[PDB]
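Presented below is the structure to which this report refers.
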Amino acid sequence: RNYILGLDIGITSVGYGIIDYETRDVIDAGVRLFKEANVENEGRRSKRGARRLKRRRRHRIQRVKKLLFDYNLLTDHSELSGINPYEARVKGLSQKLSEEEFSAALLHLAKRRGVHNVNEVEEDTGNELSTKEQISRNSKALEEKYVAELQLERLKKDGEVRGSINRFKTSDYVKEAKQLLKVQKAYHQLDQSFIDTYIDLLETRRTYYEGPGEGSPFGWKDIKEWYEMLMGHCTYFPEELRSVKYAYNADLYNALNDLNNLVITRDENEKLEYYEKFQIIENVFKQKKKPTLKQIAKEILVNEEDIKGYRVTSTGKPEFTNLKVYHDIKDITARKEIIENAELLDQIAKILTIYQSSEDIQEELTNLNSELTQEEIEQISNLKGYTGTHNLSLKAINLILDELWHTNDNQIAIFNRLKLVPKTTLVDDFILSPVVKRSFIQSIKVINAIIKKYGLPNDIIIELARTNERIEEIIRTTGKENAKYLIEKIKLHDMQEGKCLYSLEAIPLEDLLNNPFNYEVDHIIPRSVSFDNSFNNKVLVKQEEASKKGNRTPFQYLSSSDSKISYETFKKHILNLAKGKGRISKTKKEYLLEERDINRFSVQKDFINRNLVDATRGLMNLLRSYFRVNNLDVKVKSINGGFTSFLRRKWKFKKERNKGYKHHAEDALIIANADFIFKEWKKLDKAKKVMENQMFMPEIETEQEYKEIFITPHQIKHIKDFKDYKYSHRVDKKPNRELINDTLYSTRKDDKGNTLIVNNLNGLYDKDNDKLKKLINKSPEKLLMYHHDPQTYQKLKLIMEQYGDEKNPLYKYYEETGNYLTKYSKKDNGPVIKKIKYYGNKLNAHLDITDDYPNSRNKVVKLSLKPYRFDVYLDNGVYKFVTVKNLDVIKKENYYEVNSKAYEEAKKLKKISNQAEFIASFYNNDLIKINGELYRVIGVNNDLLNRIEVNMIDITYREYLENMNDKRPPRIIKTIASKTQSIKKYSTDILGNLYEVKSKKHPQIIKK
RNA sequence: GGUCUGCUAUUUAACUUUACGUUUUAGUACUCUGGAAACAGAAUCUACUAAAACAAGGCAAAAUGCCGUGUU
DNA sequence: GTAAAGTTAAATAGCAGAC
């Protein structure tokens, strides 16, 4: 039948409600679920560029060692084992050097080649590790002496060269690398092309328009295709590409608006005519960069005060379009031949904004075959500010630029008068975030599939869902780890300056963290009338104040004798904060300040009209656009999220929302009952009309009337009763997931024969880290310093007992002495301890990459080996299964195949045979029938232990347990066995229906 | 509501480089051991410096060379 | 795995004059 389509949009879940348009009976209802998306996994695109950065240093070195073999300065015979290249680049400038002592000083340079960006600017020294500070410091010390020399001077005195101080400009390197080759030049016969090719292999590097190579998708073919897919498309003619915001024509179209909006009190026509608009441009606008209002109004003989209809900046001066082409070109060239012609000027600006280097401009300024003296082109490339793009293509400037001249029209009315109009995959281009992009995309698929099984609905009503550098400051200032839970309380504490707005007494942070129960988060305007769950409605106050207030407005509760403070002192302290910077929200100020009574109804419907009703804007218009394009009539509206935190409340819906996933599909039905109430009433057809944004009556008059319309506790009895919910869980078939964690671990072998991972306690002398204290006093047998070289250890343990009352005795130690923990030595020459390795838990699974490293005595592994999938097999009445890991699926050019070398070994290692029947595969989140019982596959807990972990469907197991109160270990770990009676694979469509799948063969190839 | 424009703040895609971090090897320092020392081997915790790998791998052949943890 | 220097571009937010 006809039905309303309700939808709850969260990040993890899509819920839908299907209630009939008339009978109010519900046809179907379910929830579609998936894991939240992550944009922090920035790494994929950065590492793609960051991996090439490691190649940028690596490519330079490989080329110069190979280039020397071609020049025959180095051969495979040569040995470089002994060099100390920080001395070779000092003996190199002074004296003749070998063919082995010269290739090193070159290559150590070729590897570490400095920056170009940082040289240009300098700064002062502010006791920091900046790059504008360090290179500013470095070259003053290096003004007299060259890079290596001071580095070598630094080697002689500090004992350490590498670190923060070793950044440099590519110049000093190149200036000294031009200084060096000047000395060995006569000692080994060589060309100038070598002091060209090498100095090009040491300094030269890419820039933001060359892109990577040809085969890369990330790479492009020329400078034209770079911009030709980074510039937007016309608001009216999107098939073209946006013109440059600074082309002469656009810069002119942007001025024929300036004056076609002007109104002037003249007995003649108020909006300037063509000859007026001609000479003004030609006599004063062309002649003067910025024209103040006087200049136009003087050349056009009217009084200065008269002209109105002009854009004005905040200071008050009128702003009219600046011709960027004329004055940059006319400041060096006034010749009749380019300057009159707009098309000449039109192309010039395009080349300037597109290509980005003065040298690359003159090449393309030349291929125009236009007639500019070549002295101009080489200084026309020395101008700046030719940046940005108009929001209108060139096919939309030249078409209507004439009709701006003669008439007095402006751009909007011309496009109206010219019958020209603005404009799942479609979600990507405009949408903001990966979190939303996932929810919408699956929500569309829901609709696109519901109508196919159910038909065209009539009403599709949709609701959406509703400073971590501040946390790092107080878990480090105070030392209280638990700063993670009370974010919404603390963001309020900065924004209110440590006071209680309903008491005006100070709220110490240390006191609030110790006693959070002392201080609550009161809702300014009550949740029951405001319906504002946003930040703005919340104010961190003392409990006793919010306790004494209750269900009232601040003005009410402050004015009464119950509150000791008064509105008068409240009114003055409130606004002072409001003005300034880092200031309080405005709806906040609109919230605290309102003085009208809540019960009068001419007040209540204002709130419901304001916050409660009315990407959201974007999502809706992709829906109405589908419907309007197809001449298909279905009404689609929206409603804010807080409404369903209300309708749930007034109808006494369940507070203890612990039933699980179905507390979504519950919402969509409520959303559906809501639009129904909007629908049926005629006292609601003025508020239910702008929600569908239709072009146009009864409205509600007292608060009992409203409370008559949206309080129906008795007629909703069908929703709680509903028992046919069907669930659908998203399965991630995608490969090229994160193969494994980045960090490399070393290992050892203990006395027993286990293989054991070693870790690093990196930062020392930090107030946060007490783990130096914790791990010493429980199992110090894990410290490498304790096992051998314990002589350093007893010095370590004594400070851990000397300041054993302070969280990290080392800061307290470094506080006193001002000297780091020194390794044991006879004459105080022991190296400072800056890390301390320690043993780890035995590595069950590892990625062995030792072969990348030679002659190592220990194994080198990256942890976080993961299992991808697992195909159950049926081996003659006994159920066995293989597990296939993430590491196994080898990547390729356009597909991700499975390694039959490891899968086959895994078939023998699992005692699988050739004769066994094959049962389907079970990726994470797929559903399985073991012993007639159905659960969702979280994954293989242990291939070796013959285990998988599953979780429940209508609920998470922990939550089922919390309902059962059993307190077993809250995870399911069913054990595959010979005893297991049945293995069937169930999956679900997006709607939530369950279907049995029959499988005959296993696949090893995925295309991504 | 929307179209242009002017100022400032925002975020996101893509690109370009940086000095560190982990780890292996060789050296030295530190530690043990033998001794009047020259030094000697033992360990590889502790540090420094250099070379090399840093998702397994896959292309590509004189190259300012390329992909590899994201989403659909 | 991680901090410090760059650039182009798409887009929104907020402020102003117009239709």
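Identifiers for the structure tokens are assigned positionally: chains receive A, B, ... in sequence, residues are indexed from 1 per chain, and ligands are indexed from 1 in the order shown.
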
- Task: Compile the contact shell of residue 9 of chain C as an MDAnalysis selection string: residues with an atom at most 10 Å away, counting only C-alpha atoms (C1' of nucleotides), same-chain residues fewer than 3 positions apart removed.
- Result: (chainID A and resid 226:227 229:232 388:389) or (chainID B and resid 13:14)

Go ahead and write the selection's residues with N, CA and C atoms (P, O5', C5', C4', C3', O3' and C1' of nucleotides) as a PDB file, in the first residue's frame.
```pdb
ATOM      1  N   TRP A 226      46.866  20.099 -15.277  1.00  0.00           N
ATOM      2  CA  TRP A 226      46.864  20.367 -13.841  1.00  0.00           C
ATOM      3  C   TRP A 226      45.684  21.257 -13.461  1.00  0.00           C
ATOM      4  N   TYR A 227      45.641  22.464 -14.027  1.00  0.00           N
ATOM      5  CA  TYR A 227      44.539  23.383 -13.759  1.00  0.00           C
ATOM      6  C   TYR A 227      43.232  22.887 -14.358  1.00  0.00           C
ATOM      7  N   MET A 229      41.613  20.423 -14.348  1.00  0.00           N
ATOM      8  CA  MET A 229      40.713  19.647 -13.504  1.00  0.00           C
ATOM      9  C   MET A 229      40.776  20.096 -12.050  1.00  0.00           C
ATOM     10  N   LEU A 230      41.400  21.239 -11.772  1.00  0.00           N
ATOM     11  CA  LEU A 230      41.346  21.871 -10.463  1.00  0.00           C
ATOM     12  C   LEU A 230      40.494  23.132 -10.436  1.00  0.00           C
ATOM     13  N   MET A 231      40.120  23.677 -11.587  1.00  0.00           N
ATOM     14  CA  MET A 231      39.252  24.845 -11.622  1.00  0.00           C
ATOM     15  C   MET A 231      37.799  24.393 -11.702  1.00  0.00           C
ATOM     16  N   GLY A 232      36.917  25.126 -11.029  1.00  0.00           N
ATOM     17  CA  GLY A 232      35.508  24.789 -11.030  1.00  0.00           C
ATOM     18  C   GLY A 232      34.861  24.998 -12.391  1.00  0.00           C
ATOM     19  N   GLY A 388      43.597  32.776  -8.567  1.00  0.00           N
ATOM     20  CA  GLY A 388      42.183  32.601  -8.324  1.00  0.00           C
ATOM     21  C   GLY A 388      41.375  32.490  -9.603  1.00  0.00           C
ATOM     22  N   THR A 389      40.107  32.122  -9.430  1.00  0.00           N
ATOM     23  CA  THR A 389      39.225  31.869 -10.557  1.00  0.00           C
ATOM     24  C   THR A 389      37.870  32.506 -10.309  1.00  0.00           C
TER      25      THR A 389
ATOM     26  P     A B  13      41.742  15.262   3.117  1.00  0.00           P
ATOM     27  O5'   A B  13      41.863  15.469   1.542  1.00  0.00           O
ATOM     28  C5'   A B  13      41.002  14.762   0.661  1.00  0.00           C
ATOM     29  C4'   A B  13      41.241  15.125  -0.784  1.00  0.00           C
ATOM     30  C3'   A B  13      42.650  14.931  -1.315  1.00  0.00           C
ATOM     31  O3'   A B  13      42.977  13.587  -1.605  1.00  0.00           O
ATOM     32  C1'   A B  13      41.828  17.014  -2.038  1.00  0.00           C
ATOM     33  P     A B  14      44.503  13.122  -1.458  1.00  0.00           P
ATOM     34  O5'   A B  14      45.270  13.975  -2.560  1.00  0.00           O
ATOM     35  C5'   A B  14      45.130  13.682  -3.940  1.00  0.00           C
ATOM     36  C4'   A B  14      45.912  14.655  -4.782  1.00  0.00           C
ATOM     37  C3'   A B  14      47.395  14.762  -4.466  1.00  0.00           C
ATOM     38  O3'   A B  14      48.184  13.721  -5.025  1.00  0.00           O
ATOM     39  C1'   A B  14      46.486  16.922  -4.578  1.00  0.00           C
TER      40        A B  14
END
```

- Item | Interface list for chain A, partner chain C, 7 Å threshold, only C-alpha atoms (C1' of nucleotides), as an NGL selection string | :A and (117-118 or 130-131 or 208 or 230-232 or 261 or 309-314 or 412-413 or 742-743)

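The chain B residues that come within 6 Å of chain A are residues 3, 15, 16, 19, 22, 24, 31, 45, 47, 53, 64, 66, 69 and 70 of chain B, with only C-alpha atoms (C1' of nucleotides) taken into account.
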
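Atom CA of residue 681 of chain A to atom CA of residue 707 of chain A spans 13.8 Å [interatomic distance, one decimal].
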
- Of the listed residues A:633, A:708, A:667, A:222, that which approaches residue 14 of chain A most closely, counting only C-alpha atoms: A:667

- Message: What's around residue 953 of chain A at 9 Å? Count only C-alpha atoms (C1' of nucleotides), leave out sequence neighbours fewer than 5 positions away in its own chain, and write the answer as number ranges by chain.
- Response: A: 660-661, 727-729, 927, 934-936

- Query: Which polymer residues have any atom within 9 Å of an atom of residue 247 of chain A, counting only C-alpha atoms (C1' of nucleotides), with same-chain residues fewer than 3 positions away left out, as a ChimeraX atom specification?
  - Reply: /A:243-244,250-252,323-325,345-350,386,390

For those residues, write N, CA, C and O atoms to a file as a PDB file, in the first residue's frame.
```pdb
ATOM      1  N   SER A 243      36.425  30.780 -16.057  1.00  0.00           N
ATOM      2  CA  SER A 243      37.446  31.722 -16.478  1.00  0.00           C
ATOM      3  C   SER A 243      38.287  32.147 -15.274  1.00  0.00           C
ATOM      4  O   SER A 243      37.959  31.868 -14.118  1.00  0.00           O
ATOM      5  N   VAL A 244      39.390  32.830 -15.555  1.00  0.00           N
ATOM      6  CA  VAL A 244      40.260  33.314 -14.490  1.00  0.00           C
ATOM      7  C   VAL A 244      39.632  34.548 -13.862  1.00  0.00           C
ATOM      8  O   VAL A 244      39.192  35.459 -14.572  1.00  0.00           O
ATOM      9  N   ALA A 250      36.365  39.413 -17.285  1.00  0.00           N
ATOM     10  CA  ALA A 250      35.734  39.184 -15.990  1.00  0.00           C
ATOM     11  C   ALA A 250      35.888  40.400 -15.092  1.00  0.00           C
ATOM     12  O   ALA A 250      34.933  40.830 -14.433  1.00  0.00           O
ATOM     13  N   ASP A 251      37.091  40.976 -15.064  1.00  0.00           N
ATOM     14  CA  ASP A 251      37.331  42.157 -14.250  1.00  0.00           C
ATOM     15  C   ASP A 251      36.500  43.343 -14.722  1.00  0.00           C
ATOM     16  O   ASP A 251      36.334  44.312 -13.971  1.00  0.00           O
ATOM     17  N   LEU A 252      35.977  43.283 -15.948  1.00  0.00           N
ATOM     18  CA  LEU A 252      35.085  44.304 -16.485  1.00  0.00           C
ATOM     19  C   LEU A 252      33.627  43.976 -16.183  1.00  0.00           C
ATOM     20  O   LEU A 252      32.868  44.854 -15.761  1.00  0.00           O
ATOM     21  N   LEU A 323      40.643  46.905 -11.880  1.00  0.00           N
ATOM     22  CA  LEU A 323      41.129  46.308 -13.127  1.00  0.00           C
ATOM     23  C   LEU A 323      42.567  45.850 -12.919  1.00  0.00           C
ATOM     24  O   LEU A 323      43.494  46.660 -12.888  1.00  0.00           O
ATOM     25  N   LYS A 324      42.761  44.539 -12.772  1.00  0.00           N
ATOM     26  CA  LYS A 324      44.100  44.038 -12.491  1.00  0.00           C
ATOM     27  C   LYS A 324      44.952  43.934 -13.747  1.00  0.00           C
ATOM     28  O   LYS A 324      46.181  44.012 -13.667  1.00  0.00           O
ATOM     29  N   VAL A 325      44.331  43.760 -14.908  1.00  0.00           N
ATOM     30  CA  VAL A 325      45.121  43.581 -16.114  1.00  0.00           C
ATOM     31  C   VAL A 325      45.671  44.911 -16.584  1.00  0.00           C
ATOM     32  O   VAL A 325      46.861  45.027 -16.881  1.00  0.00           O
ATOM     33  N   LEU A 345      44.301  40.948 -23.893  1.00  0.00           N
ATOM     34  CA  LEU A 345      44.349  40.976 -22.437  1.00  0.00           C
ATOM     35  C   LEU A 345      43.703  39.728 -21.841  1.00  0.00           C
ATOM     36  O   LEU A 345      44.135  39.239 -20.789  1.00  0.00           O
ATOM     37  N   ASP A 346      42.678  39.189 -22.512  1.00  0.00           N
ATOM     38  CA  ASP A 346      41.972  38.015 -22.000  1.00  0.00           C
ATOM     39  C   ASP A 346      42.899  36.807 -21.906  1.00  0.00           C
ATOM     40  O   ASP A 346      42.911  36.097 -20.894  1.00  0.00           O
ATOM     41  N   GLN A 347      43.681  36.551 -22.962  1.00  0.00           N
ATOM     42  CA  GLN A 347      44.590  35.407 -22.945  1.00  0.00           C
ATOM     43  C   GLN A 347      45.726  35.610 -21.950  1.00  0.00           C
ATOM     44  O   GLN A 347      46.138  34.661 -21.273  1.00  0.00           O
ATOM     45  N   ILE A 348      46.246  36.838 -21.853  1.00  0.00           N
ATOM     46  CA  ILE A 348      47.423  37.104 -21.025  1.00  0.00           C
ATOM     47  C   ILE A 348      47.177  36.683 -19.581  1.00  0.00           C
ATOM     48  O   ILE A 348      48.001  35.993 -18.968  1.00  0.00           O
ATOM     49  N   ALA A 349      46.037  37.088 -19.014  1.00  0.00           N
ATOM     50  CA  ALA A 349      45.748  36.748 -17.624  1.00  0.00           C
ATOM     51  C   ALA A 349      45.610  35.243 -17.441  1.00  0.00           C
ATOM     52  O   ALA A 349      46.023  34.695 -16.411  1.00  0.00           O
ATOM     53  N   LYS A 350      45.031  34.559 -18.431  1.00  0.00           N
ATOM     54  CA  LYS A 350      44.872  33.112 -18.348  1.00  0.00           C
ATOM     55  C   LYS A 350      46.222  32.423 -18.210  1.00  0.00           C
ATOM     56  O   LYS A 350      46.417  31.584 -17.324  1.00  0.00           O
ATOM     57  N   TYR A 386      48.163  37.314  -9.731  1.00  0.00           N
ATOM     58  CA  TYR A 386      47.333  36.785 -10.814  1.00  0.00           C
ATOM     59  C   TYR A 386      46.931  35.366 -10.434  1.00  0.00           C
ATOM     60  O   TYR A 386      47.432  34.371 -10.964  1.00  0.00           O
ATOM     61  N   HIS A 390      37.301  33.075 -11.368  1.00  0.00           N
ATOM     62  CA  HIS A 390      35.925  33.537 -11.334  1.00  0.00           C
ATOM     63  C   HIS A 390      35.004  32.357 -11.068  1.00  0.00           C
ATOM     64  O   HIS A 390      35.388  31.196 -11.214  1.00  0.00           O
TER      65      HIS A 390
END
```

- Query: Rounded to one decimal in Å, what is the spacing between atom CA of residue 177 of chain A and atom CA of residue 134 of chain A?
  - Reply: 21.3 Å
